[PDB]
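K.L.:
Next up is a structure, given as structure tokens.
The numbers here are math on the coordinates, done by the rules we state, and not lab data. As a convention, Cβ positions derive from the backbone with ideal geometry for all residues, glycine included, and neighbour counts pool all protein chains shown.
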Amino acid sequence: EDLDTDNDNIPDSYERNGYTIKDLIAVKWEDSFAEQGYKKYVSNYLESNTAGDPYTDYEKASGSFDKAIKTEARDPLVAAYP
Amino acid sequence: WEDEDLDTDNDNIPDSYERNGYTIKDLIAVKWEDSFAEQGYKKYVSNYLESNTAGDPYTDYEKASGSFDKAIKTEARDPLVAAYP
Amino acid sequence: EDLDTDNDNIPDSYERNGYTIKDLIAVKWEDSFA
Amino acid sequence: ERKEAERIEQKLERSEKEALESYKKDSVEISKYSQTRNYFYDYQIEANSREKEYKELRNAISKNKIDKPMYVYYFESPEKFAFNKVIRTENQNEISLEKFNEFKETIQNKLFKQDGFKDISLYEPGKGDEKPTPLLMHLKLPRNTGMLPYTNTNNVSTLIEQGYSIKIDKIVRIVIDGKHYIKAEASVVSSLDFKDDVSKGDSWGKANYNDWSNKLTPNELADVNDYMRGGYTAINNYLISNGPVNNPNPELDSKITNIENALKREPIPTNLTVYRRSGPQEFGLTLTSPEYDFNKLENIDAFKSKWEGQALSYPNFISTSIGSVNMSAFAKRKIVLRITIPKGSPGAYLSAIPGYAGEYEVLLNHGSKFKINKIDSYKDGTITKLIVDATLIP
Amino acid sequence: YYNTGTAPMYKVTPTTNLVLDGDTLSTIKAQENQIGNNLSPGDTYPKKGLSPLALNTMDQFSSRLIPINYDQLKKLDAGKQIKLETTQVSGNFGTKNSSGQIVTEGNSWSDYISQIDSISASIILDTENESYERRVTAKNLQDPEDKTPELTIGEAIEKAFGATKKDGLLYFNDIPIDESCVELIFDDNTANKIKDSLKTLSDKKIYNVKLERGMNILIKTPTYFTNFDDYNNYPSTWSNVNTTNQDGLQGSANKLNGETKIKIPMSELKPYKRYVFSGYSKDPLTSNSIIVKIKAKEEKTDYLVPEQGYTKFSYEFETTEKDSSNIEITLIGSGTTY
Amino acid sequence: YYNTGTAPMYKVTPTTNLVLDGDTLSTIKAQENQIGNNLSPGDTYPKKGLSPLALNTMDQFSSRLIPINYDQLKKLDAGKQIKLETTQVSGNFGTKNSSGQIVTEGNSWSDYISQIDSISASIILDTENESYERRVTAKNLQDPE
Amino acid sequence: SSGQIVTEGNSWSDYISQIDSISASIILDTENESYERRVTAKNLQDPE
Amino acid sequence: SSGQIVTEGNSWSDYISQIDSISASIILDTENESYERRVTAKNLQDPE
Ligand SMILES: [Ca+2]
Ligand SMILES: [Ca+2]
Ligand SMILES: [Ca+2]
Ligand SMILES: [Ca+2]
Ligand SMILES: [Ca+2]
Ligand SMILES: [Ca+2]
């Protein structure tokens, strides 16, 4: 549905089952997306900051953080950490 | 959606103008017509999902319209060139 | 008219053509004022 | 800007300090009282336990002003912009193209007025701010407006009182932290209004319309006075009965033409809002009609659904009361019409001339067209009365 | 200063130790003269092509020099060296505003360091001339209310280092980093967990073991590697190869009656460094042993007895010449092994 | 100090190294006595026609001179030179507050240096009179967004 | 706002470069007194 | 208006120049006491 318990602007089912970011909006994941360079993300639906870093799951997934952070730290499971 | 009033990054420039080309007159973004070149207007394009295309502290509208420090070079007024000392 | 683009309490036509300050409100310039 | 706030709070004496302290913990209820205050009788507006609070809060807000127009930003519910629906729910992210289309078409040319204390900010709503509604409006305050920022335990927020009507030019869709919002640009329209300034309203009327009769021949003044003294229930009924179509006659057409010429002779120099306590028979409703009973919520909802945004017209001679207080002669009427008169519009003050000319009576042209913007209600004892934000169209 | 993480650090203020023999001479926190404003991942302050900075003051206002005693001076001129250790680093991160207004003041990494370390596993990839360190969140099975997704070691490595999957095997940029093509180094706790999970596991591969908190995994890419399939990094050429079958871990046998010889010219090896020579050896049926000879500094002989499957031997040698003749390794022994 | 970019710098506070042969003698952050209030693109602090500024203090309050070793003094007296290397520069930019005044306090270029350098290409034009350095935003072809 | 005058936090260095960039310098040197002025000059290449 | 007096951050140097610019200085010198005063003077060049 449209439930969002941690209020990180990603639905609980999307986080549970997989999602990707396009046009700053979280959408469901589809197999045809992987051929176009998109990535599939899964994250904790009860925590706003899954990896414990100062950036939320949506902020990491969307890349709305510092442009100097590596691209591998854009998924919610790898922490942006110096 | 299909119209010319989308501002996804919220920087006072519509998405279509940023994708295709625009210019600033009277501090309002307008569509780029090729006749504007002979009058001295410069054609700008910028990222429509980022409010600061070049990464400098000034937004695309601030840079394009020249609503910033007057001591900055005119080359840095288009969004793709960074104002950077 | 009554257009103030830069929001500095002076209308655009006054700024273009010339103005003066009387009683802390801007008015049109007239050659008699000199 | 806590430095400016601490500079400006010291000049406040103890009364303003206590008013702001009471506001800080009870902003919602003080504001809710602030919207619906001036429509009660002349007695209730002086016998409440919060009237002093409203007066001193207004004094504090108007103590310090701004020298130039500056932009302010806040979140407004769509319900105040004549939209009775919900655009996008709290748990959803995106708004429909359709909903955007009706929302844009609903506010094409409609001016909405606010009359209560509210919280605004001078910055865009970035991180750390709460977002009540999916609607966002960037408001342009004019010169010399109330401006008294106050500080919380950690942050600073500003409070203003509104006495103006705001118009929105364009609306766009924006994305703030992964959710769709509507961004509106609006401007503040200057006017004059007397919520409770009986003395100031009387002074303004006598200042403007004392020299009104000096331009008129004595015969026309005598005719106007006689018509308003003896035949106010005759010519109005004749006009309502569609006289020119059914039974044309010159003996009353001459009166209509003379009164119309006199009323069109002198337009207002500044925008004002007049209050007419319209009768149910004017809207074609009778006291025994179930739709008339405004005690229930469904009748208010139905009246809003079928009459908000619709056109109105008065084939009779329009009589308006500049005062906003409930009068003995118009006590039982539930519908008060909030007509906004813009500059250059017909209307003459009839209380400047001597004698008892009525209750702040003002006459306008017959058959005038009216535009309804919003329909809202307030608690009045046990019953709920009705307010319509009428607009005068040329 | 250098950075091997995924995020930049602003206002880098490290605290260092100075150790002579068993004494900590002083611990100085960097003052304004020794603070680096920007440090991007993979970068270095001062930037490459600039001289190192000087750290010669110990007080708060950079007005007091670092003293030593008479005994310590005698130790220093006797030939003993002073070592440096870093104990902690203070720095800031930047939060981006909706208008893109970066602010770093008041945003300390030390507020998140402990929390990140508590719930994550550290994975290090140690390639040539460049290293990377990552933290991947792991699930806690003892807590039913922890809903972080489960990842194995292979998926964790793929997400942490941006690895690419070609045919089920991971590549970093163009280097294979599958568990059979690298050296996996664990500590005792991680080794115990891996061994206790492999016996329960079915497919019996390290990369299929579920990632758990506190794991310390270090991956080292080889200097030279051959799979006889598509990758050959050796500078010289093996004496005799065999690649006419789909055997081995992937389509490669390299075994006949003859014995394999390789001679590394030693011009492409480190002067004084200690190495390991690994591989996989299989025999379909029980057979004789393998005579593995290594000759780098002293010729070491070891006997290898393979099995039905594949096993790693990882025979170990030492080079301390930088000028001597080639390095000789041989795997004498036949009998149709793999 | 000289500027070759597109934007001015306020409160210019550079950091420099002093190297004799292979030894970094000291690194000094500019104190109050060595801070340039303004530095326009193409300008120089001090302005053209004025003498250079003296950098002779190493502590925070400009009360401690820069010392050298006896051996380093012997190296200097033999003819060896001391080179200066600028490692980093601090500075501010100007925005507009709520009232419309230009403010530079709280605005720092170091916040944006990494972000600008990560997503841009560096081009330098070298003429006889002066050289110009520019940063132009480049697109990452691996990101569909 | 109250008619007071504040000088803390108002720095001329924030305006020196902007003033020097868009203006021309004119100096009048009479006996025992000198005057220096900056007058704004239009940029012809910018239609705005 | 409640009787509180604050002197911190209220500097006379912000007003010294403005006062001296539009005033005329008058001094009375009596025996063993002196007074200095400033009186506002009209500028006839300015019609406003
Ligand atoms: Ca969620
Ligand atoms: Ca989450
Ligand atoms: Ca835009
Ligand atoms: Ca943009
Ligand atoms: Ca203007
Ligand atoms: Ca193979």
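K.L.:
Which of the residues spanning the stretch D:344-394 are surrounded by 17 or more Cβ atoms within 10 Å (Cβ to Cβ), under 23 Å from D:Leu312 (Cα atoms) and among the hydrophobic types (A, V, I, L, M, F, W, C)?
P.N.:
Within the stretch D:344-394, D:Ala348, D:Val362, D:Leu363, D:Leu364, D:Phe370, D:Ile372, D:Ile375, D:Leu386, D:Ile387, D:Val388, D:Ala390, D:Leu392 qualify.
K.L.:
Also, I was wondering about something else. Can you pull out every residue in the stretch F:92-131 that is touching a helix residue (DSSP H, G or I) at 6+ places or on another chain (Cβ under 9 Å) and hydroxyl-bearing (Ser, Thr, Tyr)?
P.N.:
Of everything in the stretch F:92-131, just one residue is touching a helix residue (DSSP H, G or I) at 6+ places or on another chain (Cβ under 9 Å) and hydroxyl-bearing (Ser, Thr, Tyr), namely F:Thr104.
K.L.:
Let me ask something else. Quick one: which helices (runs of 4 or more DSSP H) lie wholly within the stretch D:1-62 and hold at least 1 residues that are more than 14 Å from chain H (Cβ to nearest Cβ) and touching a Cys at 6+ places or on another chain (Cβ under 7 Å)? Outline the logic, then answer.
P.N.:
Details: elements: D:2-9, D:14-25, D:27-35, D:44-47.
By residue number, no helices (runs of 4 or more DSSP H) qualify.
K.L.:
Hey, another quick one. Let me confirm something: among F:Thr27, F:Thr6, F:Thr15, which residue is within 14 Å of chain B (Cβ to nearest Cβ) and either touching a residue at least 12 places away in the same chain (Cβ under 8 Å) or basic (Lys, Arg) (or both)?
P.N.:
Details: F:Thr27 fails: within 14 Å of chain B (Cβ to nearest Cβ); F:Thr15 fails: within 14 Å of chain B (Cβ to nearest Cβ).
Residue meeting the stated conditions: F:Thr6.
K.L.:
When you scan the stretch E:39-53, do you find a residue that is among the aromatic types (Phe, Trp, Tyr), more than 7 Å from every other protein chain (Cβ to nearest Cβ), surrounded by 15 or more Cβ atoms within 10 Å (Cβ to Cβ) and in a loop (DSSP other than H, G, I, E, B), even just one? Explain how you work it out, then say what you get.
P.N.:
Here is the first cut: in the stretch E:39-53, the ones among the aromatic types (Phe, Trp, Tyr) are E:45.
Next, from what is left, pick out any that are more than 7 Å from every other protein chain (Cβ to nearest Cβ): E:45.
Keeping just the survivors that are surrounded by 15 or more Cβ atoms within 10 Å (Cβ to Cβ) gives E:45.
Going one step further and asking which of them are in a loop (DSSP other than H, G, I, E, B), we end up with E:45.
Yes: the stretch E:39-53 contains one or more residues that are among the aromatic types (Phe, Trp, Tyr), more than 7 Å from every other protein chain (Cβ to nearest Cβ), surrounded by 15 or more Cβ atoms within 10 Å (Cβ to Cβ) and in a loop (DSSP other than H, G, I, E, B).
K.L.:
Let me ask you something else. Among the listed residues H:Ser25, H:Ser17, H:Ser34, identify the single one that is small (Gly, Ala, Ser) and within 30 Å of D:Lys3 (Cβ to Cβ).
P.N.:
Details: H:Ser25 fails: within 30 Å of D:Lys3 (Cβ to Cβ); H:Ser34 fails: within 30 Å of D:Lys3 (Cβ to Cβ).
The unique qualifying residue is H:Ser17.
K.L.:
I need the full set of residues from the stretch D:93-114 which are touching a strand residue (DSSP E or B) at 6+ places or on another chain (Cβ under 8 Å) and more than 17 Å from D:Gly309 (Cβ to Cβ), in order please.
P.N.:
Within the stretch D:93-114, D:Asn93, D:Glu94, D:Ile95, D:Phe100, D:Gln114 meet the criteria.
K.L.:
So F:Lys75 clears everything in (1) away from every other protein chain (no Cβ under 11 Å); (2) touching a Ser or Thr at 6+ places or on another chain (Cβ under 8 Å); (3) charged (D, E, K, R) except one condition, right? Which one?
P.N.:
All conditions pass for F:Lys75, except number (2).
K.L.:
Another one. Please go through (1) closer than 25 Å to F:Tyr112 by Cβ; (2) surrounded by fewer than 20 Cβ atoms within 10 Å (Cβ to Cβ); (3) in contact with an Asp or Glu (Cβ under 6 Å, 6 or more places away or on another chain) for A:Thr71 and return the number of the only condition it doesn't satisfy.
P.N.:
(3)
K.L.:
Let me ask something else. Return the total of residues in the stretch A:1-21 being assigned to a loop (DSSP other than H, G, I, E, B) and more than 10 Å from ligand 1 (Cβ to nearest atom). Let's see the steps before the verdict.
P.N.:
Filtering the stretch A:1-21 for residues assigned to a loop (DSSP other than H, G, I, E, B) gives A:1-11, A:18.
This time we only want the ones that are more than 10 Å from ligand 1 (Cβ to nearest atom), so: A:1-2, A:18.
Number of matching residues: 3.
K.L.:
Hey, another quick one. Please go through (1) under 22 Å from D:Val336 (Cβ atoms); (2) more than 21 Å from the chain's Cα centre (by Cα) for D:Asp67 and return the number of the only condition it doesn't satisfy.
P.N.:
That leaves (1) as the condition not met.
K.L.:
A further question on this structure: Among the strands (runs of 3 or more DSSP E) contained in the stretch D:156-208, which hold 1 or more residues that are in contact with a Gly (Cβ under 8 Å, 6 or more places away or on another chain)?
P.N.:
D:156-161
K.L.:
Hey, any hits in the stretch B:27-36 for a residue that's loosely packed, with under 15 Cβ neighbours inside 10 Å and part of a helix (DSSP H, G or I)?
P.N.:
yes
K.L.:
Of the residues that sit in the stretch F:86-109 and are within 16 Å of the chain's Cα centre (by Cα) and of a type in the set (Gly, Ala, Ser), which one is nearest to F:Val19 (Cα to Cα)? Before you say what the answer is, go through the steps one by one.
P.N.:
To start, the set of residues in the stretch F:86-109 that are within 16 Å of the chain's Cα centre (by Cα) comprises F:86-93, F:108-109.
Now restrict to residues that are of a type in the set (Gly, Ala, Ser): F:90-91, F:108.
On the way: F:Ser90: 21, F:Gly91: 25, F:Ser108: 29 Å.
Filtering first and then ranking leaves F:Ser90.
K.L.:
Is it the case that D:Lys332 is under 23 Å from D:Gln108 (Cα atoms) and surrounded by fewer than 21 Cβ atoms within 10 Å (Cβ to Cβ)?
P.N.:
Working: under 23 Å from D:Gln108 (Cα atoms): no; surrounded by fewer than 21 Cβ atoms within 10 Å (Cβ to Cβ): yes.
No.
K.L.:
So for the stretch E:196-215 (the condition being under 24 Å from E:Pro284 (Cα atoms) and touching a strand residue (DSSP E or B) at 6+ places or on another chain (Cβ under 8 Å)), does at least one residue qualify?
P.N.:
Checked against the condition, which is being under 24 Å from E:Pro284 (Cα atoms) and touching a strand residue (DSSP E or B) at 6+ places or on another chain (Cβ under 8 Å), the stretch E:196-215 yields at least one hit.
K.L.:
Got a sec? Which of E:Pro149, E:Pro144, E:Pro176 is of a type outside the set (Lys, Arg) and surrounded by fewer than 13 Cβ atoms within 10 Å (Cβ to Cβ)?
P.N.:
Testing whether each residue is of a type outside the set (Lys, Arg) and surrounded by fewer than 13 Cβ atoms within 10 Å (Cβ to Cβ) leaves just E:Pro144.
K.L.:
Follow-up. State all residues of the stretch D:69-116 that are among the polar types (S, T, N, Q) and either in contact with an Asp or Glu (Cβ under 7 Å, 6 or more places away or on another chain) or in a helix (DSSP H, G or I) (or both); if no residue qualifies, say none.
P.N.:
As a first pass, look at the stretch D:69-116 and keep what is among the polar types (S, T, N, Q): D:77, D:84, D:89, D:91-93, D:96, D:101, D:106, D:108-109, D:114.
If the condition is that a residue be among the polar types (S, T, N, Q) and either in contact with an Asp or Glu (Cβ under 7 Å, 6 or more places away or on another chain) or in a helix (DSSP H, G or I) (or both), then D:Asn91, D:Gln92, D:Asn101, D:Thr106 are the ones that fit.
K.L.:
Please go through the stretch E:30-63 and pick out each residue that is closer than 26 Å to F:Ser118 by Cα and of a type in the set (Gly, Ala, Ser).
P.N.:
Within the stretch E:30-63, the first condition is being closer than 26 Å to F:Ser118 by Cα, and the residues that meet it are E:32-53.
Listed by number, the residues that qualify are E:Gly36, E:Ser40, E:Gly42, E:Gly49, E:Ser51.
K.L.:
Restrict the check to the stretch E:212-228 and report whether at least one residue is within 16 Å of ligand 6 (Cβ to nearest atom), touching a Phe, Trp or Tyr at 6+ places or on another chain (Cβ under 8 Å) and either on the phi > 0 side of the Ramachandran plot or assigned to a loop (DSSP other than H, G, I, E, B) (or both). Steps first, answer last, please.
P.N.:
Just the residues of the stretch E:212-228 that are within 16 Å of ligand 6 (Cβ to nearest atom), to begin with: E:222, E:224-228.
Now restrict to residues that are touching a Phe, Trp or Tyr at 6+ places or on another chain (Cβ under 8 Å): E:224-226.
Filter once more, keeping what is either on the phi > 0 side of the Ramachandran plot or assigned to a loop (DSSP other than H, G, I, E, B) (or both): E:224-225.
Within the stretch E:212-228, one or more residues are within 16 Å of ligand 6 (Cβ to nearest atom), touching a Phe, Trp or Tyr at 6+ places or on another chain (Cβ under 8 Å) and either on the phi > 0 side of the Ramachandran plot or assigned to a loop (DSSP other than H, G, I, E, B) (or both).
K.L.:
Starting from the stretch E:210-227, take each residue that is surrounded by 15 or more Cβ atoms within 10 Å (Cβ to Cβ) and list its partners that are of a type in the set (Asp, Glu), counting only C-beta distances under 6 angstrom and pairs at least six apart or across chains.
P.N.:
Qualifying pairs under 6 Å: E:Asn216/E:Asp187; E:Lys220/E:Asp126; E:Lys220/E:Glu183.
K.L.:
Being in contact with a strand residue (DSSP E or B) (Cβ under 7 Å, 6 or more places away or on another chain) and either within 14 Å of chain B (Cβ to nearest Cβ) or surrounded by fewer than 11 Cβ atoms within 10 Å (Cβ to Cβ) (or both) is the filter; apply it to the stretch E:98-109 and report the residue that is nearest to A:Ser64 (Cα to Cα).
P.N.:
This residue is E:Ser98.
K.L.:
Restricting to the stretch F:110-143, name every residue that is away from chain A (no Cβ under 14 Å) and within 17 Å of the chain's Cα centre (by Cα).
P.N.:
F:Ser131, F:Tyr132, F:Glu133, F:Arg134
Yes/no per residue for (1) more than 16 Å from ligand 2 (Cβ to nearest atom); (2) closer than 19 Å to F:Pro41 by Cα; (3) within 14 Å of chain E (Cβ to nearest Cβ); (4) in contact with a strand residue (DSSP E or B) (Cβ under 9 Å, 6 or more places away or on another chain):
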position: B:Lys25; (1), (2), (3), (4): yes, no, no, no
position: B:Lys31; (1), (2), (3), (4): yes, no, no, yes
position: B:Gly40; (1), (2), (3), (4): yes, no, no, no
position: B:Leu49; (1), (2), (3), (4): yes, no, yes, yes
position: B:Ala54; (1), (2), (3), (4): yes, yes, yes, yes
position: B:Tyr58; (1), (2), (3), (4): yes, yes, yes, yes
position: B:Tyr61; (1), (2), (3), (4): yes, no, yes, yes
position: B:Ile72; (1), (2), (3), (4): yes, yes, no, no
position: B:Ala76; (1), (2), (3), (4): yes, yes, no, yes
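K.L.:
In addition: Where the second residue is assigned to a helix (DSSP H, G or I) and near ligand 4 (Cβ under 9 Å from one of its atoms) and the first is touching a residue at least 40 places away in the same chain (Cβ under 8 Å) and on the phi > 0 side of the Ramachandran plot and lies in the stretch B:6-18, which pairs have Cβ atoms under 8 Å and are six or more apart or on separate chains?
P.N.:
Filtered contacts from the stretch B:6-18: B:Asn12/B:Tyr61.
K.L.:
Of the numbered conditions (1) in contact with a helix residue (DSSP H, G or I) (Cβ under 7 Å, 6 or more places away or on another chain); (2) of a type in the set (A, V, I, L, M, F, W, C); (3) under 27 Å from B:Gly66 (Cβ atoms), F:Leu55 satisfies every one except a single condition; which is it?
P.N.:
Failed condition: (3).
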